[PDB]
Structures are given as C-alpha cells and as structure tokens.
C-alpha cells in the first residue's frame, strides 16, 4: 500500500489506458461527408479531453518515480525505463491525436467544398434542362419571343461564370494542399468542368438553331406576302366582262397595262424571296425541307398568274 507496490500498480493501469488510446488512434476513418466528419470530430474531442485529464496521473507517476530512484533498498533500473516508456508512449498519442485532428479538419473543408460544388452542379443541371428545349416557335413573333428569352438565359450564365470559376479555383487550391482526398477532387473538378462546358455548348447550338427559325419564319412570312397579292390579282384577272362599249375596254386594258407593270415588280420580289430561300438552303438551315416546298409553291402560283394574266390580255388586246 506504499510506493513500490503503488508505482508498479499505477504503471500497469496507465499502460492499459495507453494501449487502448493507441488502438483508437489506429483509426483510418476521416468521414465521407459533413455528417460523419462532425461525428468524428466530436468523438475526437472527447478522446483529446481524456488524454488531457490523464496528465495529472502522468505528473504523479513521474513524481513517484523520482522518489523511488532515491532508494538503494532495491534496483532502480526497473522504474527507470518504466517512467521513460510511458512518457515516450504518452508523447506519441499526443502527436498522433494531433495528426488525426489535422486530417479531420482537412476532411471537413473538403466535404464542405463538395457541398458548394454540389450547389453549382445542380444549378448547371437546371440550366442544361432549359437549354435543351426544342421549342423553335411556329411563327415570326413566336421565334422572336423565344430568342428574347434565350438571350437573357445566356446572360444569366455569363453573370454566373465567376461563381463557376470560384469553385474551380477553390478546388485546385485544395489539391495543392494535399487535402486527404486529392484523387477525389481531381475527378470532381474534371467532372464539374465537363458539365459547364456542356451547358455552354448546348446554349450555343440552341441559340443558332433559333436564328435559323427566325430567318426561316421570316422567309415564310415573305412568301405568304407575295402570295396574298397574287391571290388578289388572280381574282381581278378572272373578270372577262368588257361591258359592250369601246370605252370599258381600254378602261380595263389600261387597268391591265397597269397590272402588268405591278406584276413585273412583284415577280421580281419573288425572285429575291427565292434567292433568300436558296441562301438558307446554302447555309444549311433546319428547314431546307419547307424552303424547297414553299418556293415550289410560290413559283407555281406565279406561273398560274402568268397563265391567266395572258388570256385576259388575250381578249383585251382586241
């Protein structure tokens, strides 16, 4: 119930706690997300406290050692290395605890960082969803509204570009600070970049496919404009009735010489409309299909008018 027995009893108890703490510090788990990391840190704070509280016992055990080396009644050499072992071992758990606390804080910034990368990955995904629209509008006004909307989306992205780079810059910085999971951040940054590049590729294609619709709708609009005029003329021309007096003849014939002139101007605007169309075909337009058809129709109606305008004259130039 005194020193000799005491020191040795104390040393065996401390030895027991040491191996146990060492076993715990054998951990290689550092978290997989914020949830666990937090749990690991809370758990590691308890252990650190336990080791800190063990310093009194360590001070005491060394005191006992000191006073035992002051007696020749036995051979001190025994307590000597015992004192030197626990002090060594203690020092090592301190060091390891420190090492574990470091990798855990590292891990915490890592998963926190992925938290952020995630926020922007979902933002990109949302935009990918909008830009994948295949709504190209069924008419001039419609197309313009779609373009007006697409233009503000491309602005949204341009406005957000700095946040995207931020993730990137923040990330490369962790990779340089050998954050425990270097292999993991190298794969996510790579992936994060592809998503972004995709989103921009997709917005480019969409935007250009829209200009095509705009140009096309604009072509269709012009074709119909000339056809509406042709349909009108197609009518008047269908009026044979020359009354029964010479006066009404030139009256019509005059209105026909006048029609003939208008028709020249118009069948010329038709050539431009077709030239316009041909050009769209040249620049490879989504609607090379309708352009062909719409042109074949116009020209046809031009012939038809050319057929009736002649026979009317055929009676009027009498």
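Residue numbers count along the first chain shown, from 1.
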The stretch carrying the higher mean Cα B factor in the deposited entry, 28-36 or 64-72, is 64-72
Of the two stretches 120-128 and 178-186, which shows the higher Cα B-factor on average in the entry? 178-186
Candidate set 41, 281, 51, 58 [ranked by C-alpha B-factor, highest]: 281
Please place residue 224 in the lowest, middle or highest third of its chain according to the CA B-factor in the PDB entry. lowest
Within this chain, which third does the Cα B-factor at residue 306 fall in: lowest, middle or highest? highest
What third of its chain, lowest, middle or highest, does the C-alpha temperature factor of residue 205 fall into? middle
Position of residue 90 among the chain's modelled residues by C-alpha B-factor, lowest, middle or highest third: lowest
Looking at the entry's B-factor column for C-alpha atoms only, identify whether residue 196 ranks in the lowest, middle or highest third of its chain. lowest
